[PDB]
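Working notes, structure below.
Cβ coordinates were reconstructed from backbone atoms using ideal geometry, including for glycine residues, and neighbour counts include every protein chain displayed. Nothing in this text is a laboratory measurement; each read-out follows from the coordinates by a stated rule.
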Amino acid sequence: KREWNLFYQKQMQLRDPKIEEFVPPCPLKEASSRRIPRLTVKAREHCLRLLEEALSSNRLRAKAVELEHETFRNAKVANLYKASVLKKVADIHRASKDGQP
Amino acid sequence: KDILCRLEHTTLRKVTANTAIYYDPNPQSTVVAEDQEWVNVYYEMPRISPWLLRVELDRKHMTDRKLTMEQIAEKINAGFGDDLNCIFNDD
Amino acid sequence: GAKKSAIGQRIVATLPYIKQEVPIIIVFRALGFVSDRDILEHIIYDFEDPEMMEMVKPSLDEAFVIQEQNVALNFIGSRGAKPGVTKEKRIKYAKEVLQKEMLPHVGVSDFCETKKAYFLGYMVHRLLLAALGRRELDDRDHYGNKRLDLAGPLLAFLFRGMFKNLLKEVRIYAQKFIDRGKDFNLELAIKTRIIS
Amino acid sequence: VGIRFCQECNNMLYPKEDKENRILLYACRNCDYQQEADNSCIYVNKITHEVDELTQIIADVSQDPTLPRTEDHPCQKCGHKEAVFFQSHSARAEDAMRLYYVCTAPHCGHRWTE
Amino acid sequence: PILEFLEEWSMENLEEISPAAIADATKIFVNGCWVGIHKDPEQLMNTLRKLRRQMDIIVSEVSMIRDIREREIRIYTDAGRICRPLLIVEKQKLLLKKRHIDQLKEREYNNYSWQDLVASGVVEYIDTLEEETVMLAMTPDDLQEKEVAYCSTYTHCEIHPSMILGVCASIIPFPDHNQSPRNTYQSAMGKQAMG
Amino acid sequence: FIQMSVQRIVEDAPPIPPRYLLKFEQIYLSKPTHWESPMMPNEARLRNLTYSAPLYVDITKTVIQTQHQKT
Amino acid sequence: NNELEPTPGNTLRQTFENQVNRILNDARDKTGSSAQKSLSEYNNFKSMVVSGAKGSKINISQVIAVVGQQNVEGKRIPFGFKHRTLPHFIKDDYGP
Ligand SMILES: [Zn+2]
Ligand SMILES: [Zn+2]
């Protein structure tokens with residue numbers, strides 16, 4: 001029943017402190033933009049460093065920033081953008097296991 | 001077959017294999033040993049409640065409907081918003 | 001809704017001469033058993049059945065309130081054919097119903113609770129087995145589940161009522177003729193026309 | 001998974017949260033008896049539930065005169081030839097025609113399924 | 001008498017039983033009332049059937065059922081159950097013998113009759129829900145004999161399979177060459193003929 | 001029915017300053033007779049009668065004992 | 001032996017029953033065709049069927065060759081007793 005959505009949102013209000021603001025910087029493209037939900041410079045640099053480690057292990061920092069910026073543009077929120085970057089890191093890991101460039 | 005998939009109702013029970021509710025406050029030391037590596041990878045780069053909701057998806061039904069775990073995750077996000085957390089393995 | 005969705009299934013019993021349904025744990029407590037361990041001894045015979053235990057757990061979650069025989073009897077008797085204005089009469093009515101109209105074939109004496117509890121536990125156990133898909137549901141058309149009323153049973157059922165009416169009439173006549181205190185007669189008190 | 005009972009009132013032990021030591025405690029609603037559990041899992045729900053009936057098959061079915069018998073399937077343990085067999089005999093099974101076997105030798109009761 | 005024999009034959013009663021010794025014991029019901037438990041169901045059933053066949057303690061009318069899978073023994077002394085007689089097959093041979101046949105065919109001036117056949121343990125009354133634990137054979141000299149083994153554990157045998165028809169359908173000749181609606185119509189029209 | 005059930009029905013019936021108490025003991029049944037004399041079934045058919053037998057009972061009367069037979 | 005594979009859109013029981021009923025229907029129809037084509041030019045069943053007076057080739061087939069399968073509520077005869085049709089069969093017998 002639609003009563004579930006009222007129950008659910010009540011229980012999540014009862015889960016207050018204010019939400020933390022964005023702070024600008026970084027090697028990442030457009031890193032001064034606050035437009036990506038829940039994003040930060042530290043999360044973007046962590047994803048860029050993960051992409052750089054995978055590309056360097058397969059082998060350059062330009063490709064890592066391109067993979068991070070593409071994924072941050074396509075994902076709905078920064079928490080999903082980071083999970084999809086780790087998924088692309090796992091696919092590069094299957095490429096290196098297959099010996100592919 | 002693609003249109004057949006598009007036109008047939010399917011909830012999570014049609015594809016889930018098993019589910020359980022655990023008590024695991026430690027992000028690193030996880031009661032379940034299987035998730036260890038990727039849950040640590042998720043937590044290493046950032047409150048929360050100590051309880052868990054661990055579900056297991058049946059592979060046959062997961063691959064029959066041509067579904068994807070990213071699709072399931074984004075559907076969960078759309079359905080519940082960001083008041084949940086979701087971390088998922090891959091195939 | 002959220003609470004119904006989490007509970008799932010609950011087990012209730014429809015006792016005769018009672019206004020509406022009663023949860024099963026309430027009846028078991030009214031029989032005089034308090035501990036969940038004892039009630040589960042009466043219901044689940046082999047405790048190494050986690051699926052049965054989980055199935056019966058929501059029924060025990062209705063025992064969060066009721067914990068004693070007196071209050072359980074009160075809850076049962078609150079819903080009589082004519083609800084009472086007092087409480088002792090309601091509790092006596094509840095005990096009377098649980099002693100006279102619930103499972104008469106097991107027994108009607110004072111010490112029949114120890115066996116009525118076992119039979120009610122067997123009913124609940126068979127319900128659980130049906131719900132778990134471990135026994136086939138019965139069919140009414142199976143002829144082992146039927147009886148045939150021949151002349152014996154038919155005429156005996158017919159004769160019980162007529163003998164009861166004859167007793168009622170002789171009782172009425174005796175009381176009317178005795179309030180005067182004069183005397184009393186037997187042949188004049190019996191109406192053979194009733195039975196015939 | 002299972003139900004555990006308090007030793008004082010003999011009632012069901014509900015799980016309760018200890019918000020100091022980050023530990024799980026089982027406590028009842030009648031008295032103040034506490035406990036620490038080893039399962040560490042409150043609830044488990046499997047929806048496949050394709051239970052193998054070899055746990056639920058009794059060895060006493062070998063005395064049924066109405067069951068078919070075969071001698072081409074010797075018992076694994078005692079090597080007895082004759083062995084009763086039957087089907088799943090389970091409701092709420094979406095689809096099944098697999099056979100099940102029970103050895104007919106007394107006190108063997110070996111119940112397998114090839 | 002059934003309750004007394006059950007007590008005599010080591011049947012633990014409900015009020016004298018710990019709730020732990022019930023998982024591995026087969027419950028006993030008499031007229032739908034749970035009276036106790038037992039731990040040797042097979043020997044109990046053998047003894048009960050022997051007593052019913054001897055016609056000593058348990059009347060021939062009483063039925064006994066063992067649900068082997070669900071571990072329950074049900075004994076009915078009720079009125080209204082419908083039952084029919086069946087022959088008894090012990091190993092693979094009928095207990096009915098040529099001596100019985102001759103004593104029956106000398107029925108006059110011999111006071112040997114159906115009751116004396118029943119008292120010998122040759123035939124038996126089987127009600128409907130006792131028929132679910134029995135293996136029947138339609139014809140003795142055709143189904144007891146050695147074949148490609150279908151069943152070698154027959155427990156009873158039919159007297160004659162044509163005794164499944166009622167009064168009005170026992171007058172139709174060659175009913176097995178007919179059509180079922182035609183047999184039904186004749187069963188209807190047999191009550192309207194004039195004689 | 002005639003042998004057992006009527007007797008059981010009579011017995012299981014509860015019995016009904018000075019006090020009076022009654023208790024029905026046992027029953028009887030003669031062969032069918034006609035009151036204006038055994039009545040044959042053919043005569044019952046011809047004369048539009050009813051083929052029936054009388055049922056008696058022993059009833060005991062007490063005051064706070066006296067026996068009444070064949071009531 | 002579990003070697004039977006389900007047909008898409010059908011359960012294992014459904015596909016087994018479909019195969020069995022199809023085999024039996026083929027048998028009944030083949031015997032019927034044999035009985036029809038083995039008739040004679042003087043046969044009175046043929047006289048009353050060809051001219052369209054009364055009867056049918058299925059009736060001729062049931063008279064000569066095979067009565068055929070009996071169905072209850074569109075399915076084969078159900079298990080009235082505990083897992084068997086009659087007390088004369090073993091339990092779990094799916095033969096014709
Ligand atoms: Zn306690
Ligand atoms: Zn063996």
Average partner coverage of C:31-39, which counts Cβ from other chains inside 10 Å: 4
For chain C: span of alpha carbons on each principal axis (Å, largest first): 72, 48, 34
Karplus-derived HN-Hα couplings along the range C:108-120 (A = 6.51, B = -1.76, C = 1.60, θ = phi - 60°), whole Hz, x at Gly and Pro: 10, 6, 6, 9, 8, 5, 4, 9, 4, 4, 5, 5, 5
Among E:177, E:155, E:136 the positive-end extreme of the charge dipole of the range E:99-195 (Cβ point charges): E:177
Equivalent ellipsoid semi-axes - Cα gyration tensor, chain D, angstrom: 46, 16, 13
Ellipsoid equivalent to the range D:1-45 - semi-axes via the Cα gyration tensor, in Å: 17, 15, 8
Isotropic mean projected area of the C-alpha convex hull, chain B (nm²): 6.8
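Within 10 Å of each Cβ in peptide D:61-73, how many partner chain Cβ atoms are there on average? Round it to a whole number, please.
5
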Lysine-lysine proximity count for chain G, Cα under 20 Å, sequence distance 8 or more or distinct chains: 9
Cleavage-rule hits, GluC sites (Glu not before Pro), the range B:1-46, DSSP coil, Cβ neighbours within 10 Å at most 15: B:8, B:34, B:44
Residue D:46 long-range amide H proximity, modeled H, under 5 Å: B:19
Karplus 3J(HN,Hα) series, Hz, for the range G:58-63 with 6.51 cos²θ - 1.76 cosθ + 1.60 (x for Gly, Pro): 5, 5, 4, 5, 5, 5
Candidates C:97, C:22, C:170, ranked by Gaussian network fluctuation over chain C, Cα under 10 Å, top entry: C:170
Length gained when the stretch residue D:105-residue D:56 is fully extended (0.36 nm per residue, less Cα-Cα span): 15.7 nm
Rg/Rh (Cα only; Kirkwood hydrodynamic radius) as it applies to chain E: 1.06
Ascending count of other beta-carbon atoms within 10 Å, so fewest first, for D:12, C:162, E:194: E:194, C:162, D:12
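If neighbour count is taken as other Cβ atoms inside 10 Å, put E:60, B:49 in order from fewest to most.
Details: E:60 16, B:49 9.
In increasing order of surrounding Cβ atoms, one gets B:49, E:60.
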Debye, to nearest 20: dipole size of the range D:46-114, +1 on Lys, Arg Cβ, -1 on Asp, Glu Cβ: 160
Taking the convex hull of Cα positions in the range C:10-121, its mean projected area over all directions (nm²): 6.8
Exposed-site-free run, longest, chain E (rule: trypsin sites (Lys or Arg not before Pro); DSSP loop; at most 15 other C-beta within 10 Å): E:40-90
Translational diffusion coefficient (Stokes-Einstein; Kirkwood radius from C-alpha pairs) of the range A:35-91 at 37 °C, 0.692 mPa s, in µm²/s: 298
The range E:1-74 and the range A:8-82: distance between their alpha carbon centers, rounded to Å: 75
Top of G:43, G:59, G:21 by mean-square fluctuation, Gaussian network on chain G, Cα under 10 Å: G:43
Candidates D:57, D:23, D:47: whichever shows maximal mean-square fluctuation once chain D is modelled as a Gaussian network with Cα springs under 10 Å: D:23
Student exercise, chain E dipole from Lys, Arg, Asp, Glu Cβ charges, in Debye to nearest 20: 740
Within-15-Å neighbourhood charge of residue C:89 [Cβ basis; K, R +1; D, E -1]: +4
5 angstrom amide H check on residue D:110, placed H, neighbours 5+ away: D:103
Charge tally in the Cβ shell below 11 Å around residue B:16, where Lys, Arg are +1 and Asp, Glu are -1, residue B:16 excluded: +1
Contact order normalised by residue count of chain G, Cα under 8 Å, 6+ apart, percent: 19
Out-of-range pairs (alpha-carbon distance over 19 Å; input C:100/C:168; A:82/B:75; D:81/E:50; F:31/F:70): C:100/C:168; D:81/E:50
For chain A, convex hull of alpha carbons as volume per residue, Å³: 142
Which of E:23, E:6, E:75, positive extreme of dipole for the range E:1-79 (C-beta unit charges): E:75
GluC sites (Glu not before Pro) restricted to the range E:33-116 and DSSP loop, no more than 13 other C-beta within 10 Å: E:70, E:90, E:106, E:108
Placed amide H near residue B:16: partners under 5 Å, 5+ positions off or other chain: B:58
Volume in Å³ per residue [convex hull over Cα atoms, computed for the protein assembly as shown]: 342
Sum of -39500 (n - 2.57) over DSSP H runs of 4+, divided by residues of chain E (222 nm, nearest 500): -6500 deg cm²/dmol
Rounded to whole Hz, the Karplus (6.51, -1.76, 1.60) HN-Hα couplings of the range E:89-96, x for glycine and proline: 10, 7, 9, 9, 10, 4, 6, 7
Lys, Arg +1 and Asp, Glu -1 on Cβ, resulting dipole of the protein assembly as shown about Cα centre, debye, nearest 20: 3340
Orientation-averaged projected area, Cα convex hull of chain G (nm²): 9.3
